[PDB]
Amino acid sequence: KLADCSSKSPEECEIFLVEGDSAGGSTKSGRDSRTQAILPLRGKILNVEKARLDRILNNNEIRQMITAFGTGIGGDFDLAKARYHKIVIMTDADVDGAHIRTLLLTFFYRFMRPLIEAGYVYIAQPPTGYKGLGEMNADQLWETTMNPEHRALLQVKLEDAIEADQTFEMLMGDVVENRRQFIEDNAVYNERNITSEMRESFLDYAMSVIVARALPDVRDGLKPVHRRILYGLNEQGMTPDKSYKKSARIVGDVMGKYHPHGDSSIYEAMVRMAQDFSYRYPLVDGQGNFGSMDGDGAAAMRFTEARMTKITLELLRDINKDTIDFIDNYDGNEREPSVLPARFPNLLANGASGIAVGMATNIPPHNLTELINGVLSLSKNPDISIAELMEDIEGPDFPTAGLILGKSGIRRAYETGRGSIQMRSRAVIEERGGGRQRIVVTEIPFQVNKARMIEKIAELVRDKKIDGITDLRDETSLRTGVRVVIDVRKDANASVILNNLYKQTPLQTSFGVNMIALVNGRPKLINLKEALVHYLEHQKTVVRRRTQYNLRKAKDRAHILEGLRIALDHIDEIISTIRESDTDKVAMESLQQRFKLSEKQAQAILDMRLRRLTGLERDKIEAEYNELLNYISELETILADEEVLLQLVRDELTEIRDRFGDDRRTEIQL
């Protein structure tokens, strides 16, 4: 895949390392084919500091780079054989391109150390605000990054090798804690030194993954991709009353406007939100093949269609009533929400699963009715214990139902944010004829792949690791629901076979609770009370801001009426004033001075259509004015009393509990 240069003189020859063919093309078009060679990689390169030699040497990209440089690796390294005196790292001008840069430096430091020592390793500086080099025109890439007469390359420099080994060990190694400690210690919410570069690039990547990718916000329970999808459907009015909309139109729109990442990242996030076995309260309503519990993926996006579910309307309720802060998108062309109003506690209701850098999050879904009664209880007692909260919130409530073994794990997770929860399958022992029996499984644990579990059981039988099993079939149908049958050998104790299946297969699975979520844009391990407290404050803020909006909005309307009232009373003198005016400006000025009107009032009059001059309009204006004055009072009453505001939040949460609250699916066996 190497697009080598014509020359054979390494001293004048250069090799550019790009992320793939999309960047490679632009680079191949702009380059000097005489002295500049191109090697397109394939995205994220292997982390050699975490991988063993067998994996390193059987890797396609690693192999290709060694063959391109001709020096060999490690012990057998020979700088004389170097085919290029310039190895230039030209990854994309984004957080993931910085990660691939740290990955390439890691491989040059552990396998090609004298290449850095000779100053042969350089870092290209393409301009920011592109998605990739593939977004650049050939001419723009030459002049800014490739022309030796105008480019600015950073030559990689190695100073203290003890400091370098420690940095590559800390940032790239297998020990997560030291990496987590570096993020905590450093995170703030032409030649280059290899240590400073690794630390800066890796920190940009880690901070980006943590605050803007893998972890959900504590207020709305969403990760950036999900929030962008829901905001996307909302903006294009893809509400439940409207028809389904083409998946590609949704994905295309969201990619261009809010999410500058791969289509598959966007589309798979939309798919999961539509899966009744993934989401306890699904956020997307899908039409077509959206996958199954057997690991089957969704159909290609050209076949599927989607829209919002009714509960999603509750997450987006009052978004245009200045309840949430808006921010600029990635390119400054659009505005996006920083958080959603979230009228129901979505973090805990739907849960979250995220693998970040230096940490991970594993939050289980819960029952909406239980959560809401918990929030209601907390609003009535700020000093409520986790034990009192557990009277309302019994434990997680998986979409796939099943069983949880005791309150011990649950209790530990709700008090510390960490705990192991044993999930069991719903399995019964029934007779099948002729004095024979069978095990019937109708509920499997959360996130357990049904077909994969069936194969692990078959494996255990074929490899003689389990006694008593004659046959196993999957009888699942849309009619019957999940139905896995395991036939027992006549006279064999089916209960013994079942307990052996719980201990040796995904029939019994564990859920490692690790409640990490963003609190004030920062990752934080929180407990059940902390999570509810942050959600309750978000509601109080959203409701306060909605009331403040309406009040400003109602006071502006009342002021417009005061003026329209004045216009209808002095209609003939108003018309006369406009008629005798040469321009709009003169008319504005004259109406203001004569009738004691403001700029807005005069503008409202000038905008008034002739049909507003009808008989039942002065009565209409006065009817609206009076009702508005009542409404202004209702709003001022809420803002004056914090207890009234708090009751308003409770009332609205109670409506949501009655409209959306369903029964518990998962049995917590004591």
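Note that residue numbering follows the sequence shown and begins at 1.
| task | Determine, for stretches 265-273 and 455-463, which one has the higher mean CA B-factor as deposited. | result | Looking at the record's C-alpha B-factors, the answer is 455-463.
| field | 215-223 versus 431-439 - which carries the larger mean C-alpha B factor in the record | value | On average, C-alpha B-factors are higher across 431-439.
| field | Top residue by Cα temperature factor, when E336, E537, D92, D383 are compared in the entry | value | When the deposited C-alpha B-factors of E336, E537, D92, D383 are compared, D383 is largest.
| query | Can you tell me which of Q140, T361, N367, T102 has the highest Cα temperature factor in the record? | reply | Highest C-alpha B-factor among the listed options: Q140.
| By the record's CA B-factor, is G74 among the lowest, middle or highest third of residues in the chain? | Ranked within chain, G74 CA B lands in the highest tercile.
| message | Ranking the modelled residues of this chain by C-alpha B-factor as given in the entry, is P10 in the lowest, middle or highest third? | response | For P10, the deposited C-alpha B-factor lands in the highest third.
| message | Going by the CA temperature factor in the PDB record, which third of the chain does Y130 belong to: lowest, middle or highest? | response | It falls in the top third of the chain.
| message | Looking at the temperature factor on the CA atom of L597, which third of the chain's modelled residues does it land in? | response | Within its chain, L597 is a middle-third residue by C-alpha B-factor, going by the deposited values.
| request: Please rank the C-alpha B-factors of the chain's modelled residues and tell me whether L648 sits in the lowest, middle or highest third. | output: CA B-factor rank for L648: middle third.
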